[PDB]
Each structure stands twice: as structure tokens, then as C-alpha cells.
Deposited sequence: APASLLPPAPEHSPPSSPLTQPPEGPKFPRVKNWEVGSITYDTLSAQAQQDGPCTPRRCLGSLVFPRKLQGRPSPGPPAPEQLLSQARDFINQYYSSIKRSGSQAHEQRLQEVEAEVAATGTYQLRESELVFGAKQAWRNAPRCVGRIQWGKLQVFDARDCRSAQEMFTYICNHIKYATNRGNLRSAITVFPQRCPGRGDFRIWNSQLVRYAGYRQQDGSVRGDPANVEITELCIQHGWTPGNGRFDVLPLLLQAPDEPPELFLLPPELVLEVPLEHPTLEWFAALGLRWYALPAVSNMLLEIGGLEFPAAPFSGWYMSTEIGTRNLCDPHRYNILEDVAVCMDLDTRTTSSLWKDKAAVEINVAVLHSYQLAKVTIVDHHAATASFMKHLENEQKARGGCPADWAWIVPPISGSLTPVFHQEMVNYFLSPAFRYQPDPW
């Protein structure tokens, strides 16, 4: 029996048959669930992964068992036998990157998974060429505020050559300066890469919203520093529709969420550098980035300014300030004409995705704790949706920092 999956809002019941195809194992056992953990830490093995991926490709174009399907499998087997590896066709790379997104359990934005611009950077040969690829990516995906999902796939990992790596966790990140108190000026999430940027010659600023340079690693080559063209880096000043003092906080966020530090794995091949981007869900900026105590931690300042009773928890000042901070983010992005999605629309679109995927594949790997927004969780429909978390391939994977 496949796991019975219930929606408690409607009473509806599904069975996730797709989970039975999970390959790489997760961290849970019958003895103890570790779903809440942030991190769950060669010829023939490659071949079965490659074979399965090719089968996935030929299923997607409704040509399984075709002459071309058989021939591509034989073709991959021949290349793996001669070289120990193989090369994706362009069409398989596009398909692979979209499947990797489709398969990402913590992604609430996967309604969009079939609308992904795949930039093939596989013949990239230096950190300078990398930077040019990344600028094109940023330019295409920003699209002057009309954001478009993109992924740029740099060359796959191969024996006898180091990896392309982007040291930054996102293409656009604000600096975080370890101030000499032990405190931090800027984004505390980014003190480490801030430290490494300076160490590599970057003259640091002193604001709370200093865009970091990129540290780009070509294979067998220490990382190289590149400054983004400031006009490629679209940013949103934060104002509140009704709280006019909010603008005086001087809050900014950037338009493009572009994760650059995960590994893309497709049919056994690994792409350590394959930055990908979409558009923000506003709770990422409003609640996590600006209200996490270990981030910009502005919750109390806004609340004091709102004249809330911060002396007692029971006034719900924290919830009140946080809601208004999320309102400001959405208002400010809509005002700047920068794509943004609120957690209500995002989670409703995800409910549509689950329904599509149940039809399409008989299931959908989903990490409930990450799909539920960080505010107002049970006000969104995904709260009441039981979800099955499992690992499919192609996949985006966390990988160690390259230092």
C-alpha cells in the first residue's frame, strides 16, 4: 500500500504512488522522523541513473520504446563504457533542469516548473566567461521587473578537473559586516561570504544593503571577484501603503532570488554550478529576511514605531508588526512593478500543482514544513494538506561550501 494522503480542508484522499520510486534515501526511519532537519548530510551506478533519466526523457515526449529511445540508451551506454561519463543532449539538459525543479520538495513555486529558461553554459571555460553568463542570466530573469525563471547550467563535474563553483549562495546578496561588537551590520546570513569577498580584494562598504560581488571559481583556480553592474541589480525600496514613516527605515530588498550554491544532478551527472532564479514569495523577504532574529531582526523597531505594546506577548505586537512588514514588501514590489507573489497566492498555486502532479505522476514530493509559509500557516491551504517528502532525480542538492 502506498501512503494515503489526506486533505483536511476538503476531506479528499489521494495515494502517493510516486514515492515508491524514490531512489536516494532520506533521514527518517520507522524509529524516528527527522523531517524537520534543515540538512540531510563508478561505471555501473552512473549507468542506471543515466538509463532512468533517458527513460524519463522519452516518457515526457511520449516516445518510450521508440527507435530513438533505444538508440539513445545504447548511445549513453557506449559513451560511459569508453569515457566513464556521458554528455546530455541539449533537449535532455532542458528537460533535466525542469524535472529538478519539479522534484524540489521544499519549493512552493513549482506550478511554474515547465516555464523555465535553460541557458546552456556547458562550453564555459573560465571565471570571466562565467560572469558574462551570469550577467546574461540576471538580465534575462530580471527583465526590468517582469521576472522570468531561468537557470544557467555551467559545465558538469568531470574527473581530472576541478568544478565550476559560485561561492555566493545567491547571485544577489547584501553584505553582512561582522561589526567589532560581535554584532553585524547588513545581512547576518552573509557574514562568511562577506568575509571571503574582502579577503579577495573587494573594497567593502558600510551600509546594511551593500550588494556583494561574485566570487567565481573556474576549475583548478581560486575564486575570482566580479562586481555586478549596479544597473543589472534591480532593487525595491520598501515603503508602506499607509505607514509613511516606514520609508524612513531605509529598507531595501532586491528583485531577483537567484540561488547559486546548489548542485544540479541529472541522470548521474553533476553540475556543481547551475544558478537558478524565479521571483520572491513576499514572506521570504518580509518575514524571514527582515524579521528573523538572526537576520535583519527589525520586528521590534517597526512595532515600537507602530506604537504597539511590546511589553507583553499577548498584545500580538510581533504578529501585527510582521503582517505590516509583509504588506510593505508586497506594496513596494507592486509599486516598483517587480514580480512578487504573496504566500496566499503561492500556496494556492501549489495546491493546483499537487493536483496536476497527482494526475501526471501519481504524487509529488513535498516538504510540509517548508511549503507552509512562515506566517499565517493554517490560513493557507497547504497547511491542511498532508504531504509525502522523498527524493527524486533529477534533483537540486545542497553541496558543501567550496572553501
| request: Identify which parts of the deposited sequence carry no C-alpha coordinates, going from the N-terminal end onward. | output: 1-26, 68-78
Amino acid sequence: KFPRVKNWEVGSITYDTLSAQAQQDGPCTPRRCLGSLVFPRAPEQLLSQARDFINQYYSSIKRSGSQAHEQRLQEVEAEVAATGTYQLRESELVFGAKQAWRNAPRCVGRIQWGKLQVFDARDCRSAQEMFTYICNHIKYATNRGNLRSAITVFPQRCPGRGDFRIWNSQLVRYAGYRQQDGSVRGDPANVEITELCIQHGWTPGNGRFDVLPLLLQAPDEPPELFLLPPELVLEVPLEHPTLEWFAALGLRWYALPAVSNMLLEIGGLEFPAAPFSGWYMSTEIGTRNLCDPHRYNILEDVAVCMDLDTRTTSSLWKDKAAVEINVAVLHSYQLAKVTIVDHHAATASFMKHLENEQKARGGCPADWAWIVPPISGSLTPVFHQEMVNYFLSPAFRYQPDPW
From here on, numbers count along this sequence of modelled residues.
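Each form is matched to the other, and the largest set of C-alpha atoms that superpose within 1.5 Å is called the rigid core.
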| query | Between 334-342 and 56-64, which one strays more from this form in 8 other deposited structures of this protein if you match the rigid core and compare Cα atoms? | reply | 56-64
| field | Between 66-74 and 27-35, the one whose CA atoms sit farther away in 8 other deposited structures of this protein (rigid core aligned) | value | 66-74
| query | In at least one third of the other PDB entries compared, is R41 left unmodelled? | reply | yes
| request: Averaging only over Cα atoms, indicate whether 322-330 or 75-83 has the higher B-factor in the PDB entry. | output: 75-83
| remark: Mean B factor on CA atoms, stretches 345-353 and 62-70, record says higher is 62-70
| request: From the list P257, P241, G145, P219, select the residue with the highest C-alpha B factor recorded in the entry. | output: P219
| message | Looking at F131, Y280, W253, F154, which one carries the largest C-alpha B-factor according to the PDB entry? | response | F131
| Third assignment of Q21 from its chain's C-alpha B-factors | highest
| query | Among the chain's modelled residues, which third holds the C-alpha B-factor of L46? | reply | highest
| Looking at the C-alpha B-factor of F39, is it in the lowest, middle or highest third of its chain? | highest
| note | Split the chain's modelled residues into thirds by Cα B-factor; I375 lands in the lowest
| task | Report the third (lowest, middle or highest) to which the CA temperature factor of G207 belongs, ranking only the modelled residues of the same chain. | result | highest
